[PDB]
Every structure is written in structure tokens, then in C-alpha cells.
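Descriptive structure summary
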Amino acid sequence: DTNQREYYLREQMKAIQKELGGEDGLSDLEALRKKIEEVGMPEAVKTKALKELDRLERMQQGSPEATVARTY
Amino acid sequence: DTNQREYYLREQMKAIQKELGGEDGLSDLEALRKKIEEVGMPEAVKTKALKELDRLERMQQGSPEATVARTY
Amino acid sequence: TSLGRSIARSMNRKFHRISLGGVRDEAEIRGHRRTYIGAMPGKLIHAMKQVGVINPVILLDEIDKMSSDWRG
Amino acid sequence: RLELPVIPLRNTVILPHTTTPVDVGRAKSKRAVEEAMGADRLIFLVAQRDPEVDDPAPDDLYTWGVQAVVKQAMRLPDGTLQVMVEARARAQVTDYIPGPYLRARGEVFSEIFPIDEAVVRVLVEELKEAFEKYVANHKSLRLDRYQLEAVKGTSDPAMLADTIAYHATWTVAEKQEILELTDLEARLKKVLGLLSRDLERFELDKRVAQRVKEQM
Amino acid sequence: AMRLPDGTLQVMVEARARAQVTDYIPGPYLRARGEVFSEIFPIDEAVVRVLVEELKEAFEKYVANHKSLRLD
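Per the deposited record, determination of this structure is attributed to cryo-EM, with the resolution reported as 2.4 Å.

In C-alpha cells form, the structure reads like this:
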């Protein structure tokens, strides 16, 4: 029952968090996608950036590969 | 009052965030967030430091990436 | 080096100074690849981010003191 | 005016005008307690502040207070003494000494004039309905209702609000910050906003309970 | 009247019908002629009447957000 309470609490946590980031435009990856079409930019670079964003949206967050792609 | 409702919400996240795996401390990243808005500092370097802090905040700790961004 | 800032103030351009005296690292001009840990771009891309405009005045100061033959 | 011993409490603050049996179970205030119940039926009151003292310092009491003329002659002899508070105005201290005994010279504690009765009566109806939607979620957060639904129409609306107000178990902070004023309209409408924000945060936790259920 | 020592030495009157001042002799101090007594009426009461009706129905509208002095 300790393990079940611990799991339950972790989901309480992430439940309030997706309340605190569940807005239609809140997904910062959605905001990054909009910022890609706002600024600039040439066409080949825009294609490379959209493929890199699609690769980033499948990873699990916080893993080091996701950090490298997000800062790029 | 809307901020009151919000800050209650995240007070509850404080409670479960604490108790969900034990409390390391007042969250020393929050100590950094306090200290950044105390010392100095010029506006451009404060913006740069807050972006660097938010980048450190969403990566997994113990990464070799994170032990550089904390020392900086 | 006073004419650099005087010319950029005269033509209403932005301004940024890069000091090249004693620099002997090739990775200060270009960057490192994003495979390495703390990697980030060179001085030129960094200056163009600081300026925020496609059209600045860059003062490359004391270009005859670029040291050679240590790493490159 | 009238220097007489004050009765401090721990954290469960008791109020002016508010018919309340108060089991004062302290350790080193009983000197003032005994002298005040034996001193011609008069009691002053504050509480003290956190990590507290059993030995009541001059680092304990707070700003506005209460002339509490004692309504019942009833000492319960086990150290847990019971008293009734029912006031007419509020109070404060002018001269003092590190006690017990807790000496309180007073002054003209200036009141206000009530003139509005129309936006006040709209506020009476809104505030009674706001308490009736308040107590529903606060049954679960521990409240009963037959000691207030009898006195729905107390001729003082402020005493009806006091009877709500001890039973609205919010902080020390809001209790003293609203305890420390001289009005009814703006004071009790901000009390009503407290009622509404508590109901809205409780329903916000209902939304998050739905979120957990469905994701599991 | 009522003479008080706090700098207030007042008087109490009652007004009937106003007037002008004809031609001064400027001061401190003053002695001044006035013309005649004026309490002049509306002539053809329809215009002032519609002004009274609108001013009354809007004094219904005026006082509602003017209850701030806590008046019944």
C-alpha cells in the first residue's frame, strides 16, 4: 500500500502539471513550431528544422538526446 | 485573486513534490532563482541567466550536461 | 578603435566588438559539433545573436596578433 | 480604558460578539484567567504567535482586541477552564508590563457609522447563500450548521457574520486581518470573496481528481 | 454664528434669490453695487421639461454607482 500510495501521488503531481500546461498553445513544442514559421528563414534550413522537431517530439523528455536537440 | 488560486494550486504541488520522494531541500534551484534576482545584475545578463536556469531545470540531474550548467 | 564606434553611431547601425588579440584556438571562430558536451557556436554567430540584426558593424580588433601553431 | 488582566490563547482565536464556550487549557496564563473570572466578570483577549510560549511574554499579543464582559460563571477545575465571550465593540492596549498579569490601559477605540442598509441587505442575501454553498464543501472540511441556520436573521448582520466567521476555518492571518478593522460592507464583501475562492479551489481539486482517475 | 478657538469663526445664513455685482471698487477692501434680484423661470416649459425628465431618469442611473458613500 506504500507503493500504491507513491504511484497515486506521482499521478496527482503530473495531473496538476498537465493542468498547468494543457492549454491549446501551451505545449512549448507547439510554441517552438510556431516560432519556426514566424522568423525568417531560408527553405532548406526550415526543412531541416522541421525534421529535427519531428524527431524531438518522439523522444522521452529530459533524456540527453532531447536536450541536445532542444538547444540546437 | 486569480494569482491566489494559482499559488494555492502550486502550494499543493509543493506538498506532494516534497513528500513524493523525500525533501532534498527548499529546492536549491529555487535558491538559485531567488539569488539571481538579488545580486545586481545587468538586464541582458539577467535574461541570459534565467534562460540558462530554465534549460537546467527541465533536464535530468546527474547528466554531464547538467553539472556544467550548474557550475556556470 | 575609436573610429569603430564612431562610424557605427554615425550610420545608425548596431555595433559589436570582437577582440582577437592572443586568440589561438580555431574553435573560437567556428564552434564544436553538437556531439560534445558543452558545445556552442563560435564568436561570429554569438555576435550576430547579440546584435539581433542582419546588418551590424563588427570591429575585429588587433587582427595581426592572432597566434598560430599551437593547436592550429 | 480600565486596566484588567488579558486572556491570551494558543491559535484557536475567539472573537467579539460571538457566543462561544472556550476551553482555555493553558499552563501559565491561569493567574490572569482566575483573577479575570473573579474580577467582576470582565476579560480582555488576544491569542499569541507561533512557536509559542507557555509563559506569556510581551512578545505574544496582537493589535486590535476585545472587551469581553464575561457571560457565565463556570470554572471547570482541571486546568481546562471554560468561558463565554460576547462583546459590544473591540479593544486595544495603551500601557503594559511583561506579564502575567497582562495590564491593558485603553483608549477611545474609534468605531464607524453604519448608514447603508440596501447594498448591505443585498450583501446579506448573497452572503447567506454564499455561506450555504460554502458549508457544503466544508462539511467535508469539518463544519456543522444547526447552530447558525437557527440564527439566519440575527438583527446584527455583523454578529451573524461573526457566527459565520469563527466557523469559517481559514488561517490565523485572515482571521486577524479581518478582525482588525472598523467596517461591515467592504470588510464582509472581501470575506465573501474568500468564501468564493475557497469553493473554486475545492472544485479545482475535483477537476484534478477526475484527471487522475481517467489517466490511471 | 459660532466662534471657535481652532481658527474657525463661522457664520450661518439662508438664501432666497441671487444677483450680480454691477461695477467694483477693487480690494482689499471692497464696496460693490449689485443690479436686481433674479430667480428667472423657464419660458415654454417643454424644453426644460424634457431636460428634467431625462435628468431624473438618468439620476436613477447616476446614483447606482454613486452609492459609494454607503447611503440608503
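With that out of the way, let us pick up the overall build of chain D. When its secondary structure is counted, chain D shows 5 helices and 5 strands. Across chain D, helices and strands are ordered from the amino to the carboxyl terminus as β-β-α-β-β-β-α-α-α-α. Over its C-alpha atoms, taken along the principal directions, chain D stretches across nearly 60 × 50 × 30 Å. The proportion of buried residues among the 216 residues of chain D is 42%. Sequence-distant contacts, at least 24 apart, represent 67% of the contacts inside chain D between residues at least 6 apart. Entry remark: accessible area of chain D is about 12500 Å², with carbon and sulfur atoms responsible for 54%.

Contacts are most numerous between chains A and B, taken over all 6 pairs of chains that touch. Looking at chain A next to chain E, you find no contact at all, with the nearest C-alpha pair sitting 37 Å apart. Between chain B and chain E there is no contact; the minimum C-alpha to C-alpha separation amounts to 22 Å.

Interfaces are often described in size by the accessible area the parts lose on coming together. Each partner contributes to the interface: chain B provides 12 residues, whereas chain A provides 14 residues. Considering only the side of chain B, the residues that lose the most area to chain A are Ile16(B), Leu20(B) and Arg58(B), jointly responsible for 42% of the buried surface there. Here chain B is connected to chain A by 0 salt bridges. Seen at the junction of chain B and chain A, the total is 0 residue pairs in polar contact. No other element matches the 6 residues that helix α1 (residues 2-19) of chain B contributes to the side of chain B that touches chain A. Within the side of chain B that touches chain A, the residues separate by chemical class into 5 nonpolar, 2 polar and 5 charged.

What follows deals with the pattern of salt bridges. Tallied over the full model, the rule gives 24 salt bridges over all chains. Among the charged side chains, a network of salt bridges with common partners joins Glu174(D), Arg197(D), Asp198(D) and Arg201(D).

All names here are of chain D. What the second largest pocket holds in volume is close to 880 Å³. Forming the walls of the second largest pocket are 34 residues, and the residues nearest its centre are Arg-90, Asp-156, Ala-158, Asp-183 and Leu-184. Of the residues forming the lining of the second largest pocket, the biggest block, 6 residues, is contributed by helix α3 (residues 157-166). Classifying every residue of the lining of the second largest pocket by side-chain character gives 19 nonpolar, 3 polar and 12 charged.

For the rest of this paragraph, the subject is the nonpolar core. Residues and elements named next belong to chain D. Core analysis: the biggest nonpolar cluster contains 21 residues, and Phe-131, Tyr-134, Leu-188 and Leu-195 have the highest contact counts within it. Where this core is concerned, the elements lending two or more residues are α2 (118-140), α3 and α5 (185-215). With 7 residues, α2 is the single largest residue contributor to this core. Discounting residues that sit within four places of it in the chain, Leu-188 has contacts with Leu-127 and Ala-161. Grouped together as the second largest cluster of nonpolar side chains are 20 residues, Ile-7, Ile-14, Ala-47 and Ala-68 included.

So, about a negative patch on the surface. A surface patch of negative charge is lined by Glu125(D), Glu126(D), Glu129(D), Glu132(D) and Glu149(D). With respect to the element layout, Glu149(D) can be found in the loop between α2 and α3.

So, about the packing of aromatic side chains. Tallying each qualifying case throughout the model produces 2 aromatic pairs over all chains. Where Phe131(D) meets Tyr134(D), the ring centres are 5.3 Å apart and the plane angle is 55°; that geometry is what we call tilted. With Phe131(D) and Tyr134(D) both in helix α2 and 3 residues apart, the pair spans about one turn of that helix. Both rings, one in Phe59(E) and one in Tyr62(E), keep their centres 5.6 Å apart while their planes meet at 25°; by these two values the pair is stacked. Residue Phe59(E) and its partner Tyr62(E) are located together in helix α1 (residues 46-62), separated by 3 residues, close to a single helical turn. Under the relative-accessibility criterion, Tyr62(E) is labelled partly exposed at 44%. When the ring centre of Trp70(C) is taken as reference, the NZ or CZ atom of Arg24(C) above it lies at 4.3 Å. Above the face of the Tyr72(A) ring, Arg34(C) is positioned so that its terminal group lies 4.2 Å from the ring centre.

Here we take up the sheet that holds strand β1 (residues 6-7) of chain D. All names here are of chain D. Pairing is mixed in the open sheet, where 3 strands are placed in the order β1-β3-β4. Of all strands in the sheet, those bounded by a partner on one side alone are β1 and β4 (66-69). With 2 bridges joining them, β1 and strand β3 (residues 42-45) adopt parallel strand pairing. When the sheet's bridge partners are listed, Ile-7 is paired in β3 with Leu-45.

A surface patch of like charges, here positive, comprises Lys35(A), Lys48(B), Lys51(B) and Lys49(C). Its place among the elements puts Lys49(C) in helix α2 (residues 43-51).

Quick notes on the rules
- Residues numbered from 1 in each chain as written, not as in the entry; some residues may be left out.
- Chains lettered and ligands numbered in written order.
- Part of a larger assembly, values for the part shown.
- Heavy atoms only, no water.
- Helix = DSSP H or I, 4+ residues; strand = E, 2+ residues; numbered from the N terminus.
- Buried < 20%, exposed > 50% of the residue type's maximum accessible area, 1.4 Å probe, protein only.
- Contact = heavy atoms within 4.5 Å.
- Areas by Shrake-Rupley, 256 points an atom, 1.4 Å probe, with all protein chains shown as cover.
- Buried area = accessible area lost by both parts, 1.4 Å probe.
- Salt bridge = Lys/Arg side-chain N within 4 Å of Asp/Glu carboxyl O.
- Polar contact = N/O pair within 3.5 Å; in protein donor to acceptor, adjacent residues only side chain to side chain.
- Nonpolar A, V, L, I, M, F, W, Y, C, P; charged D, E, K, R; others polar.
- 1 Å grid on protein atoms, 1.4 Å probe; cavity = no way out; pocket = protein on both sides within 12 Å on 5 of 7 lines; lining within 4 Å.
- Points joined across faces, edges and corners; volume = space filled by probe spheres on them.
- Core = buried A, V, L, I, M, F, W, Y, C linked by side-chain atoms within 4.5 Å.
- Patch = residues over 30% accessible without salt bridge, like charges linked within 9 Å, V, L, I, M, F, W, Y side chains within 5 Å.
- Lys, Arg positive; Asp, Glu negative; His and termini not counted.
- Charge placed at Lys NZ, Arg CZ, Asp CG, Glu CD.
- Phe/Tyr/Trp six-rings, centres within 6.5 Å; stacked < 30°, edge-to-face > 60°.
- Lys NZ or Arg CZ within 6 Å of the ring centre and 35° of its normal.
- Pairing = 2+ DSSP bridges.

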